[PDB]
Amino acid sequence: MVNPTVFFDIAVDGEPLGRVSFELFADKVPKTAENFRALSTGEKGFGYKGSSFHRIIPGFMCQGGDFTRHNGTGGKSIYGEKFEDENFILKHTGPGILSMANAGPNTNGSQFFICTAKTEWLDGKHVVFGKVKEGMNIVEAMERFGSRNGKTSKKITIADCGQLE
Amino acid sequence: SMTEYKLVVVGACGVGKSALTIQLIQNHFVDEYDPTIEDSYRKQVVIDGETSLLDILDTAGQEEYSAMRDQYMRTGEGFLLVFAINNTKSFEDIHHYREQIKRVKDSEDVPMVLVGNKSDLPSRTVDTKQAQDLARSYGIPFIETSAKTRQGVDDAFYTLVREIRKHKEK
Ligand SMILES: *CCC(=O)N1CC[C@H](C(=O)N(C)[C@H](C(=O)N[C@H]2Cc3cc(O)cc(c3)-c3ccc4c(c3)c(c(-c3cccnc3[C@H](C)OC)n4CC)CC(C)(C)COC(=O)[C@@H]3CCCN(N3)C2=O)C(C)C)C1
Ligand SMILES: Nc1nc2c(ncn2[C@@H]2O[C@H](COP(=O)(O)OP(=O)(O)NP(=O)(O)O)[C@@H](O)[C@H]2O)c(=O)[nH]1
Ligand SMILES: [Cl-]
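Residues numbered from 1 in each chain as written, not as in the entry; some residues may be left out. Chains lettered and ligands numbered in written order. Heavy atoms only, no water.

- In the PDB archive, X-ray crystallography is given as the structure determination method for this entry, at a resolution of 1.26 Å.

This is the structure:
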C-alpha cells in the first residue's frame, strides 16, 4: 500500500554528482507510476540506466529519459511506444514535482521532467505522478548545467537507478 | 556601408525551420531531428552587392507560449513562414501565423515570405498551386525549398531581405 520509491545516481561526465530519490504516486496514478518504476529497475530489459538529462532549462525543469535514440526524441513505455494520459489529479505545484513529458495528448513514453519551479501552465496537459523525496540539492546542481535553450554544459546522466526497499 | 536585419523563422514543428537556417549559416544538412527551444544566428552576407548582417531567430514550432511568440513578432523585421510540402496541417497553419503577425504589428503590410520546404520528397500532400495562390492573396513571395539539396535556401532568405529593404526605403 505504501507508494514505491526509486533512486537515480546522477553523474557529470561520468563522475558522481549525487543521488535523487522519488516517491511515485502509485496510489493515485498507478499506470504512470508503474511505468517509471519498471523503467528505473530495468526489469523489462530496457530503461533509464545510462540515459541523459538532455534538456535542462534554469528556472523551469530538468528533462530526461530518452534511452532509445539518445537524442531527445525517443523513449518508450513498458506498455508500448506510447500510453494515454491517465488522469490530471495532481498539479505542477513547485520544485521537485515529477511529471511526464509528451508531444501532445496521449503520447506518454519514457521522457519525464523534474520541476525546479511551479509550472502551472502544464496542469491538465502533463501527467504528474511523483515527486523528489531526497536530493533536491542534487536537482538544483543539475539545473546549473542547463541553459536558456536546454543544452547542457556537461553530460548529465543516470549512472545507476533502481527501486529502494 | 552595411545594414542589419532581424529575420524570424516560424512554422509548425518539424517542417525544417532549423534545417533551412543551418543550411544558410553553416552549409550542411543532417537527417537527425534536434527539436528547437530557441536559437539565434548571426552572419555577414552580400545580397545584390549590399553587405548586411543577418540576425536569424530560429523559433520552435509550438502553440503554448503566446507571450514569447508575440515578442518574437514585435521585434522581427521580416518573417519566413515555413510549411512542409508533405505536411498538410503545417500548410493549414500558415494563415494563423500571418494573422498573429498582423495582430502584433497592428498592420497589413509586414515583410514576409511563404516557404514550402522539403521539395525533394516524393510524398507531397500540398499542391504548389495552392501555396502560390495563397501567397498571391497575401501579396507576398512564395518559394519552394529543400534544406537537404539546398534548393532555394539562399533565395528564400535573400527574398525576405529584399522585402525588408523595400519596406524600409519606400
Ligand atoms: C509540434 C511539436 C512536436 O510534435 N514535437 C515532436 C518532437 C518534439 C517533442 O514534443 N518532443 C521532443 C517531446 C518533448 O520534449 N516534449 C516537451 C515539450 C516541448 C517540446 C519541444 O520540442 C519544444 C518545447 C516544448 C518548447 C519550445 C520553446 C519554448 C518552450 C518549450 C518553453 C519556452 C519558454 C517559455 C517562456 C519563457 N521562456 C521560454 C524559453 C526559456 O525561452 C527560450 N520556449 C520558448 C518559446 C517552455 C519551457 C518551460 C522553458 C521549456 O519547456 C519544456 O522544455 C517542456 C517542459 C515540460 C516537458 N516538456 N518540455 C515536454 O514534454 C519528447 C517527449 C518526445 C516537438
Ligand atoms: N528530406 C528533407 N528533410 C528535411 C528537410 N528539412 C528538414 N528535414 C528534416 O525534417 C526534420 C525536422 O527538421 P527541423 O529543421 O529540425 O524542423 P523544425 O521546423 O526546426 N522543428 P522544431 O519546430 O521542433 O524546431 C529533420 O529530420 C530534418 O532532417 C528538407 O528540405 N528535406
Ligand atoms: Cl511545453
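After that view, the rundown keeps rolling.
## Thoughts on the packing of helix α1 (residues 17-26) of chain B against helix α6 (residues 153-169) of chain B
All names here are of chain B.
Working step 1: Where α1 meets α6, the axes come as close as 9 Å, and the angle between the chain directions of the two elements is 90 degrees. Taken together, the axes of α1 and α6 are roughly perpendicular relative to one another. In this structure, α1 uses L20, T21, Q23 and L24 to contact α6, whose residues at the interface are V153, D154, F157 and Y158.
Working step 2: Of the residues that constitute the contact of α1 with α6, the class distribution is five nonpolar, two polar and one charged. (Axes fitted to C-alpha atoms, helices over the stretch in contact; angles between N-to-C directions. Helix = DSSP H or I, 4+ residues; strand = E, 2+ residues; numbered from the N terminus. Parallel < 35°, antiparallel > 145°, perpendicular 65-115°, else oblique. Contact = heavy atoms within 4.5 Å. Nonpolar A, V, L, I, M, F, W, Y, C, P; charged D, E, K, R; others polar.)

## Remarks on the interface of chain B and chain A
Working step 1: Of the residues lining the interface, ten residues belong to chain B; the matching set on chain A comes to nine residues.
Working step 2: Roughly 840 Å² of surface becomes buried between chain B and chain A when both sides are summed, with 45% attributable to carbon and sulfur atoms.
Working step 3: The interface formed by chain B and chain A includes two salt bridges.
Working step 4: Its salt-bridge partner being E38(B), residue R148(A) comes within 2.7 Å of it at the nearest N-O pair.
Working step 5: In this structure, the connection of chain B to chain A is made through five residue pairs in polar contact.
Working step 6: Here the residues of the side of chain B that touches chain A sort into five nonpolar, no polar and five charged. (Buried area = accessible area lost by both parts, 1.4 Å probe. Salt bridge = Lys/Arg side-chain N within 4 Å of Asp/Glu carboxyl O. Polar contact = N/O pair within 3.5 Å; in protein donor to acceptor, adjacent residues only side chain to side chain.)

## A look at the site of ligand 1
Working step 1: Close to ligand 1 lie 27 residues; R55(A), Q63(A), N102(A), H126(A) and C13(B) are nearest.
Working step 2: Flanking ligand 1 are residues from chains A and B.
Working step 3: Separating a nitrogen atom of ligand 1 from a side-chain N or O atom of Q63(A) is a distance of 2.9 Å.
Working step 4: Separating an oxygen atom of ligand 1 from a backbone N or O atom of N102(A) is a distance of 2.9 Å.
Working step 5: Going through the elements one at a time, β3 (55-57) and β4 (61-64) of chain A together with α2 (66-75) of chain B are the ones with two or more residues in the shell around ligand 1. (Near = heavy atom within 4 Å.)

## Let's talk about the site of ligand 2
Residue and element names in this part refer to chain B.
Working step 1: Around ligand 2, the structure places 23 residues, and the nearest of them are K17, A19, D31, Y33 and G61.
Working step 2: Between ligand 2 and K17, the relevant distance is 2.7 Å, taken from an oxygen atom to a side-chain nitrogen or oxygen of the residue.
Working step 3: Taking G61, its main chain carries an N or O atom lying 2.8 Å from an oxygen atom of ligand 2.
Working step 4: Isolated, ligand 2 exposes 660 Å² of accessible area, and the fraction of that covered by the protein chains is 90%.
Working step 5: Here the shell around ligand 2 takes three residues from α1, the largest share from any one element.
Working step 6: For the shell around ligand 2, the per-class residue count stands at eleven nonpolar, seven polar and five charged. (Areas by Shrake-Rupley, 256 points an atom, 1.4 Å probe, with all protein chains shown as cover.)

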